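A lone chain, given as structure tokens: the form deposited in one PDB entry.
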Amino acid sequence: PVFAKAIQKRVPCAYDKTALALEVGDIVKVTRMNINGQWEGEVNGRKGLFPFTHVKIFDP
């Protein structure tokens, strides 16, 4: 994968749960970067989907 850094909160749509909950400063292990929508990653623990827009990649 690659690790990205959450840069904009993202409250899972109540009644979603595939949707990753994101807090700023979370480490997202982007597990899949679908060019058509959300990415697959696992914010500390659970896998799940998320907007690529709320993260920034980091090396540094």
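Residue indices: 1-based, along the sequence shown. Rigid core (definition): largest C-alpha set, two forms, superposition within 1.5 Å. Residues that one form lacks are left out of the comparison.
Per the deposited record, the Cα B-factor of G37 falls in the highest third when ranked against the other modelled residues of its chain. Ranked by C-alpha B-factor against the other modelled residues of its chain, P12 falls in the middle third.
Quick note: we don't show the form deposited in another entry, though the next part is all about it.
Core-superposed comparison between this form and the one not shown: the C-alpha position of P51 differs by less than 2 Å. Once the rigid core is overlaid between this form and the one not shown, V24 does not reach a Cα shift of 2 Å, moving by less than that. Core-superposed comparison between this form and the one not shown places the only run of three or more consecutive residues whose CA atoms all shift by 2 angstroms or more at 1-14.
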